[PDB]
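Engineer: Dropping the structure in here first, questions after.
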Number of protein chains: 2
Amino acid sequence: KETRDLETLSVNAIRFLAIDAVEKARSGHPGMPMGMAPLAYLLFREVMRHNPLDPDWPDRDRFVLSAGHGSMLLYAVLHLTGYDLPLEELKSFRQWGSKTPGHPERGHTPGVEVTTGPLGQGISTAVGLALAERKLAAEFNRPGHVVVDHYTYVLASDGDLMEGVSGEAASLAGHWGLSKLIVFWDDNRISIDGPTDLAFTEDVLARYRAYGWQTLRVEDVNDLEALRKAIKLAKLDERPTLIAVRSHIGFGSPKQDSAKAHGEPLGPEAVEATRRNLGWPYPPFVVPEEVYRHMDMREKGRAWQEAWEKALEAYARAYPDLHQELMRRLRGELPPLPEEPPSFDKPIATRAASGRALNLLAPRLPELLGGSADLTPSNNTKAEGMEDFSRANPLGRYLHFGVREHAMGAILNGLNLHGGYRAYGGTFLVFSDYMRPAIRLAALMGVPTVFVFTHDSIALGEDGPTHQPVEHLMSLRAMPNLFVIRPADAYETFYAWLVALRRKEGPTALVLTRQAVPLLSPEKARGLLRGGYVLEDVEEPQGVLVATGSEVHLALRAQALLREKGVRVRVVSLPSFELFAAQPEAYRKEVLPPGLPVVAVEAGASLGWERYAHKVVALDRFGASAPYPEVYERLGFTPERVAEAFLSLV
Amino acid sequence: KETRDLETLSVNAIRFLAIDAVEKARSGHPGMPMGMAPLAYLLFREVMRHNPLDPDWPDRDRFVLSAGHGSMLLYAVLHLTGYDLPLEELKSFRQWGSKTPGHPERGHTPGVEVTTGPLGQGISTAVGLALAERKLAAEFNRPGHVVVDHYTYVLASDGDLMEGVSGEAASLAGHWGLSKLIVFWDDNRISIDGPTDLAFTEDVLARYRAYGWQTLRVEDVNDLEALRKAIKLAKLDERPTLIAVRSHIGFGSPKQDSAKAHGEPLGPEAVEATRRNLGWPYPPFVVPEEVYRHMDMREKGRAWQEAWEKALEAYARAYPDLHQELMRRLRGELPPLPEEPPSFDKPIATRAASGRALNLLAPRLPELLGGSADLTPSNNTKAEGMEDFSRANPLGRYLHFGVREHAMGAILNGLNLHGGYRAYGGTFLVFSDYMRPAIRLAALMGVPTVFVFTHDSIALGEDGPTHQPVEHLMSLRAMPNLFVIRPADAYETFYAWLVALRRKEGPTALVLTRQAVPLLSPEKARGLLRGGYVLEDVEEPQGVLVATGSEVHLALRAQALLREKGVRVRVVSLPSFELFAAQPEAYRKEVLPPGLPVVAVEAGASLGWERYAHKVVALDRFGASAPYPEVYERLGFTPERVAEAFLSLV
Ligand SMILES: Cc1ncc(C[n+]2csc(CCOP(=O)(O)OP(=O)(O)O)c2C)c(N)n1
Ligand SMILES: Cc1ncc(C[n+]2csc(CCOP(=O)(O)OP(=O)(O)O)c2C)c(N)n1
Ligand SMILES: O=C[C@H](O)[C@H](O)COP(=O)(O)O
Ligand SMILES: O=C[C@H](O)[C@H](O)COP(=O)(O)O
Ligand SMILES: [Ca+2]
Ligand SMILES: [Ca+2]
């Protein structure tokens, strides 16, 4: 009972830090932290190997709070176990510049593994964390040298399990046999609209059995013994595990078992009452020294990390090439990259050119993982050399995501968050729409996921409007911290991949054609590193045709038609708005000199082009089911129309 | 043995019309139509009640080809049953201007119910088709008077069942008990990447049994007797049913059971071999007259619809007032609406004002269905007077979608496609990312779904950057056939609802604040009907501040601040770019006079604003976890910054 009272005292410390931080914020989510405090205690005190002195210890267990809104459950337990998150920060919950924002932000807060809040993201991203551990183990572990051994734990809510992304990621996690992925579902029967049976009465655990997961239940979150056994059962199981954990939202309070406990402060009366009923004499933010001493993990984590650093030293003597590769990949250091593009002798789609860049890049990047959402032949994403990942071939660097763009987004982000890997995945640009939240989350975390988007335009032909992008380019360019690179040709494509791989600040979208487009010169194309450049200049420019991707070739043809009539325009290739806007003002004015009229050409939405052009040849309607180039021409992409657009400015 | 031969011969007409249409186009998807010919035969010939002569018959059975790549399956059987789809349109498969586009397009081919091609969308929209049939049947059917009674049939591929959206919608269909939804799954063990066990080994029917669906297998699609059984088992059952129908892709060709049969024409060799292995003598696009007269459905069609018209006259006699409302609703005629907004006395959030407009609007609109993806308390989407739809209360006008924004999108599209309902659903603007493909699909189809989006900016405060939109406005505005209306205040908000309810051509997104903003003059706010308008003019203006939603109030504060320094600017309110652009040039140039410098203010990305302003006060970064107004102010939305930006032009 001194063990039980210290457990109870410690669990309540978690409960009241959350209650009071929400109370003093007058904003946040107290209900779920109150019910799940016992699971937070058990993971951070007993189950997880982690180190509060070094959150980036590569061999730590990873905890993902997919149920983001319960941020204070995570802040309380980080604080209590000795992570560098002072009490003053928990008193600054949801305040400007605090390390305790409303939802967990990876990079903002020590020990936060994934930016959560958008439901389905945490639990889906966690599939990549665990795929990354499995594969890295397969690559590096040897007899008597186990340098990769950690689990991926997740706390998810009713919301997480309703989002279709979580089901897609569960299908793949089970298909892949990720034995070391352990998800806790807070089964507390309450959602924002009230009781879950308003909207959610499926047999959740039967669904997860069908995906090939183990399911377990724990009838009371407060029964630590029942949590301990379930966890041991999950680790013995070769399958990913879903542990349904029954809890009371607002546990211990007069808002217990109510949706009123979910998303607003308890109120002074209800905080007081919770204190009565849980036997908590301590005032706001005060926790006794007993609990600090019991919860301190600074020493157990020094011991754990030190034990791992020492196994690395034995690894480094027994296998020094393997050791230098792991250390290089864990630090995210790229090896030297080719300076010379592949050799192209004829017209080729930028998809096929992208395939050729990957044939050159993959054999020198064992970290580079690739895949597609069931478009491998159409996307050119399986490099020469790569084999399929499966349970039977855990060394395969090529991922068959199936028709699951969103969870592919989430799993790429997780593969890229883990350490050891750089991951890219493919689909048609139109189907970026199915993964938007995973794209935004990568830009928010600053995770450099590479999203490959082929079939960039109406030029794709007969598949027609449901497949032909229009708004997509401008919709992705408006997103903060996403480079959007639309190479004009096979050569630009090679430089686009160098830009993507070297860019670590956030994601890159590479935008590629289905149809064949001519070659530029490799020396001219290199200009892509500046995001925009003068491709074909002239004596005393009367104007500029500015263009992206396939439309640069339209522009060059319009340059000729105009030159024949004594009008002289230069052609600028703007493969990336973002990399161009990062250039010195002096370089941007050399390229697009003020006072010169400019026409933009791009087979997408006009909205945005006025930033650079006076007139745009663009597409502000949906496409059509017809062959290329007919579809392209009849929808107004001819060199005659670009020419006429330029003549209307002079 | 000679009905067995008319079946085989009809089934093969479907097969060969598809094969030859793909082979002549030299583009498209022959495999699935080959495998699934038998089911298309059975549905159009025997099972479905439909009228080739009136595809708009309100009480027809609805068929949704979710696996829209198999378009030649639908085009073949529509032709053979005497829909207005000539042999010449089959010969123009995927050619410019044809009635046979690569993927099925609602409103472009007689008898096509839903624009499909983006996998997940068909099977998901079908839940809205069924919910509409079920609700309208409950609202209008009377003892002796069955005026609503049809089934919603769906054909879905592997791809449809891997997409998270199809899971969300199956969860909701099972929860609602949509007895008359029947889904056939082409369980053909092939996908584009190769065998389905590359990425898809879940027990699909166990998952659907966990959603509370009935599941059935047909071991062979050619066994029409098996198919007849399954479909009768489905209709007897009160659950939605999924019928796994095993088929060989490329049935009868040397490309049978190969991914090579999926998405390319067979070629001559395999076309020629396939006529042999199935013994099909008739040359390309020749069907024997024996098959046209067997399959001709006009007679049976006319009789089914005459029966229903008779039941309607009987209904008009027995229930005059109900009949009048039903006819008005099926035709999508609006009844008269209030022309003056609710009365407002205090600063209020446009989410709350939206709530107050719906309290006013809904009692006059029995066709109006409301809902939220588990944010009913935060979206103000439950009108006073609405009750929860459930299996037990089918007359409820309010839909709890749970955390299923994507499936909500699809289901609102289904509701609004079916006839008799106008359906809207709410979530936070940031979560439009989860439902994008269904927003896009509304815009492609011209289906006037109304998407309610609250928490439109960093102004929402503490919930932080994962909840705060940035890119979303311009990302939506870029999409063709989408009105994006960001009303400035309580009064603008009422006129936005009028615009959205009166817009029939396509979807509308209403964008609302969490935080309260002041009231404008009721009579001024009427300007919203023109997209943009002068809110506060001045004498001989030296410039314009143009703004949308909340930032209108920021622009008036900056107007006043500029007057204090002897600088006069006019404030324009641009609640909708698309309604402004639709105004005559002369009105546009009245509102924004050429030559006058223009500073724009919007708490979202800059990209696009160059279309109207010379400077923009915008947000081109993610948000922060902090309270309003502080978070709004420190991220640069103050009257001092807007004024500063104007004076940097003057
Ligand atoms: C994708 C997404 N859609 C909507 C929301 C808005 N939202 C915040 S919390 C929540 C539901 C939370 O309910 P549950 O997951 O059961 O939480 P608990 O009862 O465990 O506190 C919703 C709809 C969100 N965070 N993410
Ligand atoms: C959302 C979405 N992602 C990707 C595609 C591209 N695509 C077309 S069909 C298909 C999958 C083909 O497999 P399945 O759906 O089982 O079709 P079948 O082999 O039966 O023809 C893919 C990836 C799509 N149409 N929609
Ligand atoms: O839609 C699915 C098809 O497999 C895909 O569209 C094939 O197209 P491709 O010839 O453009 O690779
Ligand atoms: O948990 C969910 C959100 O924090 C909540 O819905 C926001 O509530 P509000 O309506 O006060 O913005
Ligand atoms: Ca819950
Ligand atoms: Ca298939």
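FYI, nothing fancy with the structure tokens labels: chains A, B, ... in order, residues from 1 per chain, ligands from 1 as they appear.
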Would you write out, as JSON lines, a table of all residues in chain B that have an atom no more than 10 Å from an atom of ligand 6, listing for each the closest atom pair and the distance in Å to one decimal, considering only C-alpha atoms and all ligand atoms and ordering rows by chain and rising residue number?
Structural biologist:
```
{"residue": "B:31", "atom": "CA", "partner": "ligand 6", "partner_atom_place_in_ligand_line": "1 (Ca)", "distance": 9.6}
{"residue": "B:32", "atom": "CA", "partner": "ligand 6", "partner_atom_place_in_ligand_line": "1 (Ca)", "distance": 7.9}
{"residue": "B:67", "atom": "CA", "partner": "ligand 6", "partner_atom_place_in_ligand_line": "1 (Ca)", "distance": 9.3}
{"residue": "B:156", "atom": "CA", "partner": "ligand 6", "partner_atom_place_in_ligand_line": "1 (Ca)", "distance": 9.1}
{"residue": "B:157", "atom": "CA", "partner": "ligand 6", "partner_atom_place_in_ligand_line": "1 (Ca)", "distance": 5.4}
{"residue": "B:158", "atom": "CA", "partner": "ligand 6", "partner_atom_place_in_ligand_line": "1 (Ca)", "distance": 4.6}
{"residue": "B:159", "atom": "CA", "partner": "ligand 6", "partner_atom_place_in_ligand_line": "1 (Ca)", "distance": 6.8}
{"residue": "B:160", "atom": "CA", "partner": "ligand 6", "partner_atom_place_in_ligand_line": "1 (Ca)", "distance": 9.3}
{"residue": "B:161", "atom": "CA", "partner": "ligand 6", "partner_atom_place_in_ligand_line": "1 (Ca)", "distance": 9.9}
{"residue": "B:185", "atom": "CA", "partner": "ligand 6", "partner_atom_place_in_ligand_line": "1 (Ca)", "distance": 8.9}
{"residue": "B:186", "atom": "CA", "partner": "ligand 6", "partner_atom_place_in_ligand_line": "1 (Ca)", "distance": 6.3}
{"residue": "B:187", "atom": "CA", "partner": "ligand 6", "partner_atom_place_in_ligand_line": "1 (Ca)", "distance": 6.1}
{"residue": "B:188", "atom": "CA", "partner": "ligand 6", "partner_atom_place_in_ligand_line": "1 (Ca)", "distance": 5.0}
{"residue": "B:189", "atom": "CA", "partner": "ligand 6", "partner_atom_place_in_ligand_line": "1 (Ca)", "distance": 5.5}
{"residue": "B:190", "atom": "CA", "partner": "ligand 6", "partner_atom_place_in_ligand_line": "1 (Ca)", "distance": 4.3}
{"residue": "B:191", "atom": "CA", "partner": "ligand 6", "partner_atom_place_in_ligand_line": "1 (Ca)", "distance": 4.5}
{"residue": "B:192", "atom": "CA", "partner": "ligand 6", "partner_atom_place_in_ligand_line": "1 (Ca)", "distance": 7.8}
{"residue": "B:194", "atom": "CA", "partner": "ligand 6", "partner_atom_place_in_ligand_line": "1 (Ca)", "distance": 9.3}
{"residue": "B:195", "atom": "CA", "partner": "ligand 6", "partner_atom_place_in_ligand_line": "1 (Ca)", "distance": 8.4}
{"residue": "B:196", "atom": "CA", "partner": "ligand 6", "partner_atom_place_in_ligand_line": "1 (Ca)", "distance": 7.0}
{"residue": "B:247", "atom": "CA", "partner": "ligand 6", "partner_atom_place_in_ligand_line": "1 (Ca)", "distance": 9.2}
{"residue": "B:248", "atom": "CA", "partner": "ligand 6", "partner_atom_place_in_ligand_line": "1 (Ca)", "distance": 9.4}
{"residue": "B:249", "atom": "CA", "partner": "ligand 6", "partner_atom_place_in_ligand_line": "1 (Ca)", "distance": 7.7}
{"residue": "B:257", "atom": "CA", "partner": "ligand 6", "partner_atom_place_in_ligand_line": "1 (Ca)", "distance": 9.8}
{"residue": "B:259", "atom": "CA", "partner": "ligand 6", "partner_atom_place_in_ligand_line": "1 (Ca)", "distance": 8.7}
{"residue": "B:262", "atom": "CA", "partner": "ligand 6", "partner_atom_place_in_ligand_line": "1 (Ca)", "distance": 8.4}
```
Engineer: Write to file, as a PDB file, in the first residue's frame, the residues of the selection just made, with C-alpha atoms.
Structural biologist:
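The resulting file, part_39.pdb, is shown below:
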```pdb
ATOM      1  CA  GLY B  31     -10.166  -6.456 -67.548  1.00  0.00           C
ATOM      2  CA  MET B  32     -12.755  -5.659 -64.893  1.00  0.00           C
ATOM      3  CA  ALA B  67     -14.633   1.135 -59.718  1.00  0.00           C
ATOM      4  CA  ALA B 156     -16.610  -1.641 -55.981  1.00  0.00           C
ATOM      5  CA  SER B 157     -13.042  -2.941 -56.587  1.00  0.00           C
ATOM      6  CA  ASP B 158     -10.154  -3.735 -54.180  1.00  0.00           C
ATOM      7  CA  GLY B 159      -9.053  -0.096 -54.499  1.00  0.00           C
ATOM      8  CA  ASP B 160     -12.482   1.148 -53.261  1.00  0.00           C
ATOM      9  CA  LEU B 161     -12.126  -1.076 -50.090  1.00  0.00           C
ATOM     10  CA  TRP B 185     -16.997  -6.316 -54.545  1.00  0.00           C
ATOM     11  CA  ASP B 186     -14.947  -7.602 -57.499  1.00  0.00           C
ATOM     12  CA  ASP B 187     -12.717  -9.886 -55.364  1.00  0.00           C
ATOM     13  CA  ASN B 188     -10.419 -10.716 -58.295  1.00  0.00           C
ATOM     14  CA  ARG B 189      -7.109 -10.812 -56.247  1.00  0.00           C
ATOM     15  CA  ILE B 190      -5.396  -8.407 -58.796  1.00  0.00           C
ATOM     16  CA  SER B 191      -4.498  -4.679 -58.361  1.00  0.00           C
ATOM     17  CA  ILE B 192      -2.368  -2.347 -60.515  1.00  0.00           C
ATOM     18  CA  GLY B 194       0.317  -6.959 -59.179  1.00  0.00           C
ATOM     19  CA  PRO B 195      -1.291  -9.530 -56.889  1.00  0.00           C
ATOM     20  CA  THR B 196      -3.390  -7.851 -54.071  1.00  0.00           C
ATOM     21  CA  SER B 247     -14.041 -13.053 -60.793  1.00  0.00           C
ATOM     22  CA  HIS B 248     -11.025 -13.496 -63.123  1.00  0.00           C
ATOM     23  CA  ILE B 249      -9.735 -10.149 -64.457  1.00  0.00           C
ATOM     24  CA  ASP B 257      -5.552 -13.168 -63.796  1.00  0.00           C
ATOM     25  CA  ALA B 259      -2.345  -6.918 -63.776  1.00  0.00           C
ATOM     26  CA  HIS B 262      -6.253  -3.923 -65.809  1.00  0.00           C
TER      27      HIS B 262
END
```
Engineer: As an MDAnalysis selection string, list the residues of segment 30-249 of chain B assigned to alpha helix (DSSP H) by DSSP on the backbone atoms of this structure.
Structural biologist: chainID B and resid 31:42 71:80 87:90 121:140 158:162 164:176 204:210 224:236
Engineer: Could you build a table of the residues in chain B lying no more than 10 Å from ligand 4, giving for each the nearest pair of atoms and their separation in Å rounded to one decimal place, using only C-alpha atoms and all ligand atoms, ordered by chain and ascending residue number, as JSON lines?
Structural biologist:
```
{"residue": "B:351", "atom": "CA", "partner": "ligand 4", "partner_atom_place_in_ligand_line": "10 (O)", "distance": 9.4}
{"residue": "B:374", "atom": "CA", "partner": "ligand 4", "partner_atom_place_in_ligand_line": "6 (O)", "distance": 8.5}
{"residue": "B:375", "atom": "CA", "partner": "ligand 4", "partner_atom_place_in_ligand_line": "6 (O)", "distance": 5.9}
{"residue": "B:376", "atom": "CA", "partner": "ligand 4", "partner_atom_place_in_ligand_line": "6 (O)", "distance": 8.6}
{"residue": "B:377", "atom": "CA", "partner": "ligand 4", "partner_atom_place_in_ligand_line": "10 (O)", "distance": 6.1}
{"residue": "B:378", "atom": "CA", "partner": "ligand 4", "partner_atom_place_in_ligand_line": "10 (O)", "distance": 3.6}
{"residue": "B:379", "atom": "CA", "partner": "ligand 4", "partner_atom_place_in_ligand_line": "10 (O)", "distance": 7.2}
{"residue": "B:380", "atom": "CA", "partner": "ligand 4", "partner_atom_place_in_ligand_line": "10 (O)", "distance": 9.1}
{"residue": "B:427", "atom": "CA", "partner": "ligand 4", "partner_atom_place_in_ligand_line": "6 (O)", "distance": 9.5}
{"residue": "B:428", "atom": "CA", "partner": "ligand 4", "partner_atom_place_in_ligand_line": "6 (O)", "distance": 8.8}
{"residue": "B:454", "atom": "CA", "partner": "ligand 4", "partner_atom_place_in_ligand_line": "12 (O)", "distance": 8.8}
{"residue": "B:455", "atom": "CA", "partner": "ligand 4", "partner_atom_place_in_ligand_line": "12 (O)", "distance": 6.9}
{"residue": "B:460", "atom": "CA", "partner": "ligand 4", "partner_atom_place_in_ligand_line": "12 (O)", "distance": 6.6}
{"residue": "B:461", "atom": "CA", "partner": "ligand 4", "partner_atom_place_in_ligand_line": "12 (O)", "distance": 8.4}
{"residue": "B:462", "atom": "CA", "partner": "ligand 4", "partner_atom_place_in_ligand_line": "4 (O)", "distance": 8.4}
{"residue": "B:463", "atom": "CA", "partner": "ligand 4", "partner_atom_place_in_ligand_line": "4 (O)", "distance": 5.9}
{"residue": "B:464", "atom": "CA", "partner": "ligand 4", "partner_atom_place_in_ligand_line": "4 (O)", "distance": 9.6}
{"residue": "B:467", "atom": "CA", "partner": "ligand 4", "partner_atom_place_in_ligand_line": "3 (C)", "distance": 8.8}
{"residue": "B:513", "atom": "CA", "partner": "ligand 4", "partner_atom_place_in_ligand_line": "12 (O)", "distance": 9.3}
{"residue": "B:514", "atom": "CA", "partner": "ligand 4", "partner_atom_place_in_ligand_line": "12 (O)", "distance": 5.8}
{"residue": "B:515", "atom": "CA", "partner": "ligand 4", "partner_atom_place_in_ligand_line": "12 (O)", "distance": 8.2}
```
Engineer: Could you pull the residues within 9 Å of residue 101 of chain A, counting only C-alpha atoms, minus those fewer than 2 positions along the same chain, as a PyMOL selection string?
Structural biologist: (chain A and resi 71+92-99+103-105+108-109) or (chain B and resi 462-464+624-626)
Engineer: Please produce a file of the residues just selected, as a PDB file, in the first residue's frame, where the atoms kept are C-alpha atoms.
Structural biologist:
```pdb
ATOM      1  CA  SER A  71      -1.595  17.349 -24.472  1.00  0.00           C
ATOM      2  CA  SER A  92       2.081  28.634 -19.458  1.00  0.00           C
ATOM      3  CA  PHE A  93      -0.077  25.867 -21.119  1.00  0.00           C
ATOM      4  CA  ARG A  94      -1.650  27.185 -24.347  1.00  0.00           C
ATOM      5  CA  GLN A  95       0.219  30.540 -23.981  1.00  0.00           C
ATOM      6  CA  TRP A  96       2.375  32.374 -26.587  1.00  0.00           C
ATOM      7  CA  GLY A  97       5.938  30.956 -26.892  1.00  0.00           C
ATOM      8  CA  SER A  98       5.382  28.293 -24.197  1.00  0.00           C
ATOM      9  CA  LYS A  99       6.825  24.725 -24.627  1.00  0.00           C
ATOM     10  CA  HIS A 103      -1.593  20.139 -29.149  1.00  0.00           C
ATOM     11  CA  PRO A 104       1.824  18.409 -29.070  1.00  0.00           C
ATOM     12  CA  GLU A 105       4.385  20.015 -31.491  1.00  0.00           C
ATOM     13  CA  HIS A 108       8.798  22.692 -29.903  1.00  0.00           C
ATOM     14  CA  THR A 109       8.751  20.416 -26.811  1.00  0.00           C
TER      15      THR A 109
ATOM     16  CA  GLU B 462      -5.231  28.211 -28.125  1.00  0.00           C
ATOM     17  CA  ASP B 463      -5.908  24.986 -30.195  1.00  0.00           C
ATOM     18  CA  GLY B 464      -2.823  26.087 -32.171  1.00  0.00           C
ATOM     19  CA  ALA B 624       0.654  29.483 -32.676  1.00  0.00           C
ATOM     20  CA  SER B 625      -1.027  28.096 -29.478  1.00  0.00           C
ATOM     21  CA  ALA B 626      -2.079  31.309 -27.689  1.00  0.00           C
TER      22      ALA B 626
END
```
Engineer: What is the distance between atom CA of residue 17 of chain A and atom CA of residue 121 of chain A, in Å to one decimal?
Structural biologist: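 Between these atoms lies a distance of 25.8 Å.
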Engineer: Tell me which protein, DNA and RNA residues are within 9 Å of residue 167 of chain A, counting only C-alpha atoms, leaving out same-chain ones fewer than 3 positions away, and put them as an NGL selection string.
Structural biologist: (:A and (120 or 124 or 161-164 or 170-172 or 207-208 or 211 or 407)) or (:B and (162-164 or 167-168))
Engineer: Figure out the distance between atom CA of residue 70 of chain A and atom CA of residue 285 of chain A, please, to one decimal in Å.
Structural biologist: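 Going from atom CA of residue 285 of chain A over to atom CA of residue 70 of chain A covers 17.5 Å.
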Engineer: Mind pulling up the distance from atom CA of residue 4 of chain A to atom CA of residue 244 of chain A?
Structural biologist: 23.4 Å
Engineer: Need the shell around segment 231-242 of chain A: protein/DNA/RNA residues with any atom at most 6 Å away, counting only C-alpha atoms. Skip same-chain ones fewer than 5 positions apart. Format as a list in words?
Structural biologist: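 Non-adjacent residues within range: residues 177, 178, 179, 181, 182, 183, 213, 214 and 215 of chain A.
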Engineer: So that I can check the secondary structure, give me every residue of segment 58-98 of chain A assigned strand (DSSP E or B) by backbone DSSP, as a ChimeraX atom specification.
Structural biologist: /A:62-65
Engineer: Please provide the set of residues having any atom within 9 Å of segment 41-43 of chain B, restricted to only C-alpha atoms, with same-chain residues fewer than 4 positions apart removed, written as a PyMOL selection string.
Structural biologist: chain B and resi 7+10-11+14+36-37+47-49+63+77+153+224+227-228+295
Engineer: Next, write the just-selected residues to a file, as a JSON list (two decimals), in the first residue's frame, keeping C-alpha atoms as the atom set.
Structural biologist:
```json
[["chain", "number", "residue", "atom", "x", "y", "z"],
["B", 7, "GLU", "CA", -27.66, -15.03, -71.15],
["B", 10, "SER", "CA", -25.91, -11.08, -73.87],
["B", 11, "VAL", "CA", -23.13, -11.38, -71.21],
["B", 14, "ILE", "CA", -21.14, -6.63, -72.77],
["B", 36, "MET", "CA", -17.91, -8.49, -64.19],
["B", 37, "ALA", "CA", -20.10, -8.64, -67.43],
["B", 47, "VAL", "CA", -32.79, -7.15, -60.82],
["B", 48, "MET", "CA", -32.95, -3.34, -61.09],
["B", 49, "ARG", "CA", -36.16, -1.31, -61.64],
["B", 63, "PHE", "CA", -26.41, 1.86, -59.64],
["B", 77, "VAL", "CA", -25.06, -2.35, -70.76],
["B", 153, "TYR", "CA", -26.62, -0.96, -55.78],
["B", 224, "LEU", "CA", -26.01, -16.00, -62.35],
["B", 227, "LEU", "CA", -25.87, -13.90, -57.92],
["B", 228, "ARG", "CA", -29.75, -14.03, -57.89],
["B", 295, "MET", "CA", -31.89, -6.69, -73.28]]
```
Engineer: Have a look at B:403, B:316, B:323, B:538 and name the one nearest to ligand 5; count only C-alpha atoms and all ligand atoms.
Structural biologist: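 Under the stated criterion, the closest residue is B:403.
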